[PDB]
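Some notes on the structure that comes next.
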Amino acid sequence: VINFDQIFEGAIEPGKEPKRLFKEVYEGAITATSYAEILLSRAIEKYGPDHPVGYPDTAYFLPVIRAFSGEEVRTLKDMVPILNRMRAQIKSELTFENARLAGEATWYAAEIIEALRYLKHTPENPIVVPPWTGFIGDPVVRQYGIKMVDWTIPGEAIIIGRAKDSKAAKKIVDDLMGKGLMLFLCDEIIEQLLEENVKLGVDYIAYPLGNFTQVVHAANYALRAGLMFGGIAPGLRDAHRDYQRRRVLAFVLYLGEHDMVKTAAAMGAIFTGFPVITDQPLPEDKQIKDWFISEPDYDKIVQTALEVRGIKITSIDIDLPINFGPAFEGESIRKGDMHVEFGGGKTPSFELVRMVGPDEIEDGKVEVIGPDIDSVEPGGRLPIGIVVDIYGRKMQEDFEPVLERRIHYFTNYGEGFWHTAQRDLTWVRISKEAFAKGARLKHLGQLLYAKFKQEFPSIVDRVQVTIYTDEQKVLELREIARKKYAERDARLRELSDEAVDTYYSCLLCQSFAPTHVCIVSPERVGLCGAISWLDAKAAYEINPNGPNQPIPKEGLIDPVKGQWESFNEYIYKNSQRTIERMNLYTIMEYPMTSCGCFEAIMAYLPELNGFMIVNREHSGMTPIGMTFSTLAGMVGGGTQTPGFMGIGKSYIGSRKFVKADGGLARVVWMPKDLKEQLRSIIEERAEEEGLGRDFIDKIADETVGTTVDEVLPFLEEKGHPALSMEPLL
Ligand code: SF4
Ligand code: NI
Ligand code: NI
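The numbering of the sequence shown is the authors' numbering, which starts it at 4 and goes up by one.
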């Protein structure tokens, strides 16, 4: 049996209980359950017991309840017994265990109150607007899971209350955002940060939940991790708490004047293993060592929370004028805020990584050749050519394309730095706010140098960065860059599932999905969409002991569906033996599993005789009778699910795309925007198959319908080949 409570046994010596804290927790838990009970009785009197209740866009009903006790709450009456249960577990005796049970009851009460609040919520007339999030949908949790698994998001800060001043709120939050922690904000700190023009919203991984009971939208976010990637069953309470403590490195920052309900909520965080750190001074009888502690000095509170939680940060430490971290990757710079730009079809541009010989490379040398961003009035433009020379003993020409990709990400982490595209199609923008802080191309070169030295210590011994901004000179060197681009394109042309004798595992997502195993082949990218076969091969050649390992293609069992003994044995050994077999070219029998970060899901529809596909960003209903989030609840979690499978979007353009099932010809329904994202690949592959370039017009989408009865007549009138193919079954 998991004995999770053992994690608290050292906290309080007997007879020295902090009775002020336990009394405040008791009063706040009773108040929260009472709030929830009256609002529930009123709603049941007004709408009736059977009225549906729930949150927008989640597969997990009321996730806090769904995780800790497993109930599938759907209607108001379902809430009644649960709340009664929770009220019954609030007890006067002042023990640490009773405080934790009161905190769980407070969390249950906040979840109930919020679902009741959402009874009045419609997408057309919502109860919250951006940047505020309220309840955060499943797609955002999944969209940041990939950053969680490799600790690009080292942890999470749940900040409730009010910083002593708005400037202090801005400082601690800018610090956290530069450390890459995911933030949940509640109460007056939000307006404090907005008045300091701190950037907030889901794009910045800094969620303004709202006030008061909206605090629970951090809890139901965190618990979803274990429900989704961890695959833990609903209702396995101690297993969920153990997943939270082990992998959701959250802590609470309790700022400003205390009140009973906030304190009971923080105790609910402690109940699942998240320490609480407050800016208030604390008497002995209102603190718990390593669980409810005071750090009044704002200069130290962040490092205090990080150390008590166990979070370790690895910053490049270079003193750059602008903030840097994952939160800023998703920013975009409006034309009115843009100080200068390069590339994007407005000026010549290229970026290139290139291996060099040892004797004429100067490690750390960052040079800007040509005018700097000093040169232009705001809104102007310059050419940019970036060349990162690299020498290392164990550097390989193979690594050049891989490291080149990093530039995009390295640039977008800078606040006011923006980057898109690649090679000679780059577009880069620098905001007026960054220019006013002193940012110049020098800092871009130093940033790329430090991030390359930090991310590849084993293979980079020397790195040099040159940024050219003369038009003619950029055009001249762009031809050399294009030469290297063509070489890489040819090496990529040579690869195929048959020509290579080694496929590659990837185990990264096992930090959160312990049983999941990805197998990457030249014609099948990993389901995150970011790990191609060349990427896994380079990661293994750089770190032989890492999460990517070679697997020889041996012991063939089924050439058609794509089963080999070697991959079977590897997946069985590395899946904690939940998975014995896997077919690479079909979803209908022994499909590869998923963690929860798949870019899209495929599913077989017998009534259409073919596949639907739905990407994570699509909002609406699909012909199988489920949204992407509901389908993802079944497809993720490391279980084998014949007839369903998660995939990267680019996989749809592979020649091996579910080849044993009929490939692209079997696809009958995709979202319109997904078809348009992939229009060129789909047209080219469809012509290769003999389906015609107009085959994309025969694929149904949501503008055709969202049910089988609406879609089938369109497929029949359009003569879709899948209808005349063999049923998959
Ligand atoms: S390839 Fe698979 S396991 Fe690796 S990061 Fe991508 S989704 Fe996760
Ligand atoms: Ni994942
Ligand atoms: Ni995943």
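Ideal Cβ positions, reconstructed from N, Cα and C, are used throughout, including at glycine.
CB of residue i to nearest heavy atom of ligand 3: below 7 Å?
{"i": "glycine 148", "result": "yes"}
{"i": "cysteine 598", "result": "yes"}
{"i": "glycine 639", "result": "yes"}
{"i": "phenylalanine 601", "result": "yes"}
{"i": "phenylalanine 647", "result": "no"}
Could you say which of the options lies nearest to residue i if we only look at CA atoms?
{"i": "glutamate 568", "options": "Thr709, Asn586, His446 and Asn223", "result": "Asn586"}
{"i": "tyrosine 575", "options": "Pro517, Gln217, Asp561 and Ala533", "result": "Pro517"}
{"i": "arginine 496", "options": "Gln643, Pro525, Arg249 and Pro237", "result": "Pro525"}
{"i": "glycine 383", "options": "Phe438, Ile372 and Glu418", "result": "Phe438"}
{"i": "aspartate 561", "options": "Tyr573, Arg584 and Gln552", "result": "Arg584"}
{"i": "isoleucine 372", "options": "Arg357, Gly388 and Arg248", "result": "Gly388"}
{"i": "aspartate 282", "options": "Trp421, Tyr488, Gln247 and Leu258", "result": "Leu258"}
{"i": "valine 466", "options": "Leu681, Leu537, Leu239 and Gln449", "result": "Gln449"}
{"i": "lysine 182", "options": "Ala172, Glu159, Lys167 and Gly204", "result": "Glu159"}
Residue i: buried (16+ other C-beta within 10 angstroms of its C-beta) or exposed?
{"i": "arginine 580", "result": "exposed"}
{"i": "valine 219", "result": "buried"}
{"i": "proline 547", "result": "exposed"}
{"i": "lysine 123", "result": "exposed"}
{"i": "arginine 337", "result": "exposed"}
{"i": "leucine 196", "result": "buried"}
{"i": "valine 431", "result": "buried"}
{"i": "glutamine 475", "result": "exposed"}
{"i": "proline 133", "result": "exposed"}
{"i": "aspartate 377", "result": "exposed"}
{"i": "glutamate 720", "result": "exposed"}
{"i": "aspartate 697", "result": "exposed"}
{"i": "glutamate 690", "result": "exposed"}
{"i": "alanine 62", "result": "buried"}
Less than 7 Å between the CB of residue i and some heavy atom of ligand 1, yes or no?
{"i": "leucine 511", "result": "yes"}
{"i": "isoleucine 554", "result": "no"}
{"i": "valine 468", "result": "no"}
{"i": "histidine 519", "result": "yes"}
{"i": "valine 144", "result": "no"}
{"i": "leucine 530", "result": "yes"}
{"i": "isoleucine 483", "result": "no"}
{"i": "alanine 171", "result": "no"}
Tell me, which residues are paired with residue i by DSSP?
{"i": "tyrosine 607", "result": "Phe614"}
{"i": "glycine 229", "result": "DSSP output for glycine 229 lists no bridge partner at all."}
{"i": "residue 2", "result": "Residue 2 falls outside the range modelled here, since the chain spans only 4 to 732, and no answer is possible."}
{"i": "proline 211", "result": "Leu188"}
{"i": "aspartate 561", "result": "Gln566"}
{"i": "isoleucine 522", "result": "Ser508"}
{"i": "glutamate 679", "result": "According to DSSP, which records beta bridges pairwise, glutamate 679 is partnered with nothing at all."}
{"i": "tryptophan 536", "result": "None, per the DSSP bridge assignment."}
{"i": "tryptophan 110", "result": "For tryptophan 110, which the question treats as bridged, DSSP gives no partner whatsoever."}
{"i": "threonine 581", "result": "Paired residues: none, contrary to the question."}
{"i": "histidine 422", "result": "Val431"}
Determine the extent of the alpha helix (DSSP H) in which residue i is found, giving its start and end residues.
{"i": "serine 569", "result": "568-577"}
{"i": "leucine 179", "result": "169-181"}
{"i": "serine 632", "result": "631-638"}
{"i": "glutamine 146", "result": "141-152"}
{"i": "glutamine 449", "result": "444-458"}
{"i": "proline 716", "result": "711-721"}
{"i": "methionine 648", "result": "Run containing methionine 648: none in the alpha helix (DSSP H); it sits in the beta strand (DSSP E), 647-650."}
{"i": "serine 44", "result": "22-50"}
{"i": "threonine 266", "result": "263-274"}
{"i": "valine 311", "result": "304-312"}
Tell me which residue opens and which closes the beta strand (DSSP E) that residue i is part of.
{"i": "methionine 358", "result": "352-358"}
{"i": "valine 405", "result": "Here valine 405 belongs to no beta strand (DSSP E); instead the alpha helix (DSSP H) covers 402-415."}
{"i": "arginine 465", "result": "465-471"}
{"i": "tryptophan 294", "result": "First-last for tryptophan 294: undefined, no H or E at that position."}
{"i": "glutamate 370", "result": "369-372"}
{"i": "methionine 341", "result": "341-346"}
{"i": "residue 3", "result": "What is shown of the chain runs 4 to 732, which leaves residue 3 out entirely."}
{"i": "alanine 253", "result": "253-258"}
Check whether the Cβ of residue i sits closer than 7 Å to any heavy atom of ligand 2, and report yes or no.
{"i": "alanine 539", "result": "no"}
{"i": "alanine 269", "result": "no"}
{"i": "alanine 516", "result": "yes"}
{"i": "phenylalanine 631", "result": "no"}
{"i": "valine 152", "result": "yes"}
{"i": "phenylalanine 402", "result": "no"}
{"i": "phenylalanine 187", "result": "no"}
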